[PDB]
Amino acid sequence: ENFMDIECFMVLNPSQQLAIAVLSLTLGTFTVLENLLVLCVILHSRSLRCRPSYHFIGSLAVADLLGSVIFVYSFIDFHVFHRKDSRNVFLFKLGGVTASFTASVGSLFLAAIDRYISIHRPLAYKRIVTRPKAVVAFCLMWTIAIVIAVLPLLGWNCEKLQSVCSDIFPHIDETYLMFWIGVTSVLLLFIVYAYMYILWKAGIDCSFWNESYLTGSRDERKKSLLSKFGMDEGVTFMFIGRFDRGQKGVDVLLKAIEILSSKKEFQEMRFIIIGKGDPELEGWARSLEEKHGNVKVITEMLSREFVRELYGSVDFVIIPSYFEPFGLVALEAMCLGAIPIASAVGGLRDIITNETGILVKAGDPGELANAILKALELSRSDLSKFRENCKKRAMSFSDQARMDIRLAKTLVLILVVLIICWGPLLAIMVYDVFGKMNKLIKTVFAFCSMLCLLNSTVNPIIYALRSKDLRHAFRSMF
């Protein structure tokens, strides 16, 4: 019942032991060293240590140290001095490794929130994820992890319970594992949805959402567009988005157009409503079209390059959202000098300032209907400054997001590697508890074990490869 006995898992040559013993210490010590080094680096760096976005690195590196140091201690403690492990020492050793894995998952979860918020709320992030808060998140996350890991030492082992002990690990209760694997498994799933959501929905293409693809005068482009829809020249508001309830507020906008409809000012305005969803709001929106010929609806799926021609041409872009994950429409629109009239939600709060657009109360056709009116009076002066102000700000945001989406991808990589190393092993462990174990499989377990250590090796290296800032902070020493 000794920890890290490869021998209950397979019989070895003296050669293979020799080989393994050498790959083990040399790798183990190596992996201990580089993860120390990672720590000694971020802790000497003012920049790194107490920046929230890089807090997971410090957390992974104690996570990788915890397991690697326990690998190498346990190995020495067994194979060199031949001390043998009591229940509680064994359990403390295993508690060390689970704790490390939990904390790894803990760190990617807390990082994944850090990334969402950094892109969801680019300004407000800096006051939402603050240094003291960041630390308290990590401490809690670590104490939970440590707490879950010590449970077997307080009696949730199979010994103090007398319940079926696992085939795989001595001194431990099988369904305690299931708890521990399940917590971590589901939490992995949410971390993956999370990162995926961020990566499919976040940011824009600054190579494509760019004024420079358009030739001419805005006026000329506007007039040409407007005649393509057989309307005369007139202030042109665009909506593009899902037709739906309580999400992208085309229902709010269709209310606002009926408010204005009677006004004299309305005949001065032009509405281009683009999108699809509810058959009802389409029915409604189509009726407003056949009612007024200064309204124009498009459910026909539209060319992205045309949507850029639109952003390039219309005066205002109307974003009546109840919810806006990453404010893409706004950012694209403004990049091309469309001034945004938008609900004051998510990042729209951070993005639109008083010198770049108009904000309203979500859900309110009256606050919108007036916005539009203020926007039609605003358009009696010149809007060049506004569209210019819009362009840069959006650029700034677009870039910041490109940075923060990069740090996100690093963490996806770190995740993918982490699922890869540990994925097989937990599958096997679940497989072990449930069902029946083999004696081949028992070996590919022991083999897969080492990928736990391997993961701890490669994490420091991709920090190194993937973040200049880590790299530069390390050169600050020598």
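All residue numbers refer to positions in the sequence shown, first residue = 1.
Q: Do the C-alpha atoms of 271 to 279 or of 164 to 172 have the higher average B factor in the entry?
A: Of 271 to 279 and 164 to 172, the stretch with the higher C-alpha B-factor average is 164 to 172.
Q: I need to verify one thing: averaged over C-alpha atoms only, is the B-factor higher for 446 to 454 or for 45 to 53?
A: Mean CA B-factor is higher for 45 to 53.
Q: When the CA B-factors of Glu324, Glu300, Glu309, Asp404 are compared as recorded in the entry, which is the largest?
A: Comparing C-alpha B-factors across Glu324, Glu300, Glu309, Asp404, the maximum falls on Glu300.
Q: Determine which member of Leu108, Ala408, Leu383, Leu91 has the highest CA B-factor, using the values in the deposited entry.
A: Reading the PDB entry, the winner on C-alpha B-factor is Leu383.
Q: Report the third (lowest, middle or highest) to which the CA temperature factor of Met10 belongs, ranking only the modelled residues of the same chain.
A: For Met10, whose C-alpha B-factor we compare with every modelled residue in the chain, the answer is the highest third.
Q: Pull the Cα B-factor of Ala375 out of the PDB entry and bin it into the chain's lowest, middle or highest third.
A: Middle third.
Q: Going by what the PDB entry lists, where does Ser74 fall on CA B-factor within its chain: lowest, middle or highest third?
A: It belongs to the highest third of the chain when residues are ordered by C-alpha B-factor.
Q: Ordered by C-alpha B-factor within the chain, which third holds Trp180? Give me lowest, middle or highest, please.
A: Middle third, going by the recorded CA B-factors of the chain.
Q: Test of reading the entry: by CA B factor among the chain's modelled residues, which third contains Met395?
A: Middle third.
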